[PDB]
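Form deposited in one PDB entry, single chain, as structure tokens, below.
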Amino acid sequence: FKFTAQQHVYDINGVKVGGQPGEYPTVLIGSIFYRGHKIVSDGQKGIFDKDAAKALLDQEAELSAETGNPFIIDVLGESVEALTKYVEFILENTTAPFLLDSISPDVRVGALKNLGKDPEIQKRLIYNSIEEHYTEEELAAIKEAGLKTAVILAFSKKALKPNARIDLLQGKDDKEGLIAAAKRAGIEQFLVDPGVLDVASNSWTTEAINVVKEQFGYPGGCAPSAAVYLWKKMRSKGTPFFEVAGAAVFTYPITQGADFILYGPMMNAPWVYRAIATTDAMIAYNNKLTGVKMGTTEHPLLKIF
């Protein structure tokens, strides 16, 4: 199976994301400083374990080198002060691009004012996310920071059908599309995340990714970790039951041609990389029948066996 639209392949500070299935390895996006992360003692002041944070980033680099799966760090914060310090640390202690991420839009906006229109911010900071309820002050903050890449959260609790993401992105009736909104903020590269409600609905998320890649060619991915962590019946079972259940959820979108996964807490990277690399390897081996050419020699198929 191949997509009709020519696929966007973005180069975000060296990380290739997008393409036809089997062309590029899955980009894996691990969360750091999330709510309840044990390496954060004060989520308001941003007091965190610098040694432990560095160890997670070094582990991510090592797993990436082993499998060929590139990484983007999901940097979460509950306050402007905290998220600013987290981003300053991430900039210094890895080369990877990263999501500027918060539940609260004003935390993302405040952090951007602090980080400013730094050329490094423009190259490495991906805004997470341009969502249905975006504000003009949010677009102003993105434009003033000169960001070029954003996650487009193409989710609406009233665009549940995959096909309805066309309306969300392009606009409909009197409603500006999320792509138009992003472009007004000066965004040039769009990572489309159709959103995940629960584990089962990951199949609708993946169909939405397929619609977006088929018709627009934007890189498609999703964030199933919250749904997996709300699955107490599985998580309480411990090893290896939680990990293989998680593996089934995180690999599923990749089996249908998705480009990136937000796999949740970085502490899970060791098993997530091994599962995702396995799926990537099997998909790319199908290239030998389809004629799709791998865009890089740094691919699980050439590395994990």
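From 1 onward, residues are counted along the sequence shown. The term rigid core refers to the most C-alpha atoms you can superpose between the two forms while keeping them within 1.5 Å.
Taking the PDB entry as given, 40-48 carries the higher mean Cα B factor of the two stretches 40-48 and 26-34. Between 234-242 and 65-73, it is 234-242 that carries the larger average Cα temperature factor according to the deposited entry. Out of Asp101, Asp174, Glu214, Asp193, it is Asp174 whose C-alpha atom has the highest B-factor in the PDB entry. Out of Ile130, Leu83, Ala223, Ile121, the entry records its largest CA B-factor for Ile121. Among the modelled residues of its chain, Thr149 has a C-alpha B-factor that falls in the lowest third, as given in the PDB entry. Among the modelled residues of the chain, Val292 sits in the highest third by CA temperature factor in this PDB entry.
For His8, the recorded CA temperature factor ranks within the middle third of the chain's modelled residues. In the deposited entry, the Cα temperature factor of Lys303 places it in the middle third of its chain's modelled residues.
Split the chain's modelled residues into thirds by C-alpha temperature factor. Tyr229 is in the highest one.
Separately, the form deposited in another entry exists; it is not shown, and the next lines address it.
Only one of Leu153, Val109, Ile166, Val75 has its C-alpha shifted by 2 Å or more between this form and the one not shown once the core is superposed, and that residue is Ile166.
Comparing the forms between this form and the one not shown on their rigid core, the Cα displacement of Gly291 reaches 2 Å or more.
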